[PDB]
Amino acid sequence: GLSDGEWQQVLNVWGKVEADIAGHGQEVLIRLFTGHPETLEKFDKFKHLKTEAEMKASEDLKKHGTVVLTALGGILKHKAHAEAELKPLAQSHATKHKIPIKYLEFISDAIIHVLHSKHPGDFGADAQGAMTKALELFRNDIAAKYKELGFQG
């Protein structure tokens, strides 16, 4: 994964992109299409463009550039925030508390038991299946950080 400061580096340069997301988007796609022409053939609405000049002139190529960098920006900002929130918890449970993944499984089953007992109206079979998958994904994230830190959990 990235460190705390590694994400801050990423978000700082991303702010600069957002000051002219249109121009950045355009240049990224044109650099892609010139360096790797086979990428242009995946785009039914752009593959007619032959020259740099035609590409720079395309209103919709510039609009698509914005759509791509906006979506990627949103994803990176969520990853940064999510990592900063998870890594402290993973570190303390790995190093200080030394909690095996097995014990995270037990507390996952305890949550599902309590939600079945107290909220069956918003916890039918489907919603229970959903929570079981959700808590497994959470354990998997922790297990991934445990490995990064070389704690056998």
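Sequential numbering from 1, following the sequence displayed.
**Q** Look up the CA B-factors in the entry and say which stretch, 93-101 or 35-43, has the higher mean.
**A** Of 93-101 and 35-43, the stretch with the higher C-alpha B-factor average is 93-101.
**Q** Using the B-factors recorded in the PDB entry, average over the C-alpha atoms of 103-111 and of 48-56, then report which stretch comes out higher.
**A** Per the deposited B-factors, the answer is 48-56.
**Q** Divide the modelled residues of the chain into thirds by Cα B-factor and specify which third, lowest, middle or highest, holds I21.
**A** Highest third, going by the recorded CA B-factors of the chain.
**Q** Considering every modelled residue of the chain and its Cα B-factor in the PDB entry, is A134 in the lowest, middle or highest third?
**A** Lowest third - that is where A134 ends up once the chain's C-alpha B-factors are sorted.
**Q** Is the Cα B-factor recorded for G65 in the lowest, middle or highest third of its chain?
**A** Its C-alpha B-factor belongs to the lowest third of this chain's values.
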